[PDB]
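Report on one structure; see the data block that follows.
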Amino acid sequence: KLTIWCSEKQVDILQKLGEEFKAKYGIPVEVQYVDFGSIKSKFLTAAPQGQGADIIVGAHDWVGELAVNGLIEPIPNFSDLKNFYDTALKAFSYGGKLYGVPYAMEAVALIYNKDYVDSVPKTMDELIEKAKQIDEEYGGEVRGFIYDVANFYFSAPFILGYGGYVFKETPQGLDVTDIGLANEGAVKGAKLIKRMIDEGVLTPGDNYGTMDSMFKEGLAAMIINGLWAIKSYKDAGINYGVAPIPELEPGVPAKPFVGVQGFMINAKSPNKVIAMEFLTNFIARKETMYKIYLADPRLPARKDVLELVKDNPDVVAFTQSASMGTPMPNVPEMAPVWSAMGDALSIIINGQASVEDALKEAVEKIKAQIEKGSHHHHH
Ligand SMILES: OC[C@H]1O[C@H](O[C@H]2[C@H](O)[C@@H](O)[C@@H](O[C@H]3[C@H](O)[C@@H](O)[C@@H](O)O[C@@H]3CO)O[C@@H]2CO)[C@H](O)[C@@H](O)[C@@H]1O
């Protein structure tokens, strides 16, 4: 029996494809929902005990940490590999080896409810003004702007757009001792975020679940989210539009993270050979990748599938947002970055310290975690 862990977004289609796989190969497939924010942590505790799924579905930033711990299996060259975008294959590659089969690329964008927003704001200043206007006009019941503010993933577009960076790119690879998350640019982005809080357009209690449900109920005019949520908004009957996050200044764009979603094989699994057939000879096929898109419409990682859907206005709008972005690091040292920067944004939006101090603290904590090998797990 082949077991798969994935988020709610992929469960239905992967269970369906699982029954196709069982029909053609005689091997039952059991897909199990795991909340996305728990997949890597669950896998880290489970896989070494022989209790991890055979295949996990998730983000490419996990690759380095999982690979250096011996928990995911290298993917040997296979016929269909030539059909995937280099950016997608590079995202799932670490130290010269491929460590997953990608199905999609993604980035956040401004998603807006056309019942409240008649044109895309031209700059972040215009967005803030428009949000204030909506907050006043509909009496509080409709949020002008809301997003998962304390999550570094979602606030990165601002922090990185102004010049912050996670690790410095060098000819020898990312330099994990050179961290750019408390530099001039980083501070400047985080101040814009604290400003949005100060002017009351965002609140310290803003989070993903509230944003997501408020948008689906027709009571959020503008949010920051990715392609993984658009099906839910469409199914909910929201007349939404999508654009890149408005420039932070005239001529100066936001810089979201780019993510790649993919399938990874548990190196400790007794079913690695059938899992390899599943990923390379079944899932990676043009027909199958297209069915995945229809169920979970992120930017396909197979070029010949993206070709089928390249005119879709969401694909167009998200591609433009991604075009201005940068891939998340996948090195093992990415592991501690999210919690450090999350803690720092929480401190900042709650007025518990200054921007420059909270970020300086964040970088210090990351460096301390890297120095102590937090990304290394044992027995
Ligand atoms: O917050 C830290 C977190 O950042 C990154 O995770 C982001 C994902 O890369 C991104 O895809 C999105 O996750 C969604 C799933 O893809 C989707 O299937 C569904 O389950 O909703 C998710 C959003 O709730 O957003 C997260 C950010 O929350 C990075 O990949 C993680 O390793 C890191 O922990």
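FYI, nothing fancy with the structure tokens labels: chains A, B, ... in order, residues from 1 per chain, ligands from 1 as they appear.
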
**Request:** Name the residues of region 10-123 of chain A that come out as helix (DSSP H, G or I) in a backbone DSSP run; write them as a ChimeraX atom specification.
**Result:** /A:10-25,36-49,60-68,79-83,86-91

**Message:** Could you go through region 111-348 of chain A and tell me which residues DSSP, when run on the backbone, assigns to strand (DSSP E), listing them as an MDAnalysis selection string?
**Reply:** chainID A and resid 111:113 143:146 165:170 173:180 220:225 240:243 257:265 299:300 326:327

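If you measure from each of A:298, A:291, A:191, A:286 to ligand 1 using only C-alpha atoms and all ligand atoms, the closest one turns out to be A:298.
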
Set out as JSON lines a contact list for region 184-269 of chain A and region 69-82 of chain A with a cut-off of 9 Å, giving each residue of region 184-269 of chain A that qualifies its closest atom pair and distance in Å to one decimal, counting only C-alpha atoms, ordered by chain and rising residue number.
{"residue": "A:264", "atom": "CA", "partner": "A:72", "partner_atom": "CA", "distance": 6.4}
{"residue": "A:265", "atom": "CA", "partner": "A:72", "partner_atom": "CA", "distance": 5.4}
{"residue": "A:266", "atom": "CA", "partner": "A:72", "partner_atom": "CA", "distance": 4.7}
{"residue": "A:267", "atom": "CA", "partner": "A:73", "partner_atom": "CA", "distance": 4.6}
{"residue": "A:268", "atom": "CA", "partner": "A:71", "partner_atom": "CA", "distance": 6.5}

**Item:** Selected residue of minimal separation from residue 340 (chain A) among A:153, A:201, A:56, A:280, counting only C-alpha atoms
**Value:**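 Nearest to residue 340 (chain A): A:153.
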
**Message:** Given only C-alpha atoms and all ligand atoms as the basis, pick out the residue of A:270, A:48, A:64, A:189 nearest to ligand 1.
**Reply:**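 Checking each candidate against ligand 1, we get A:64 as the closest.
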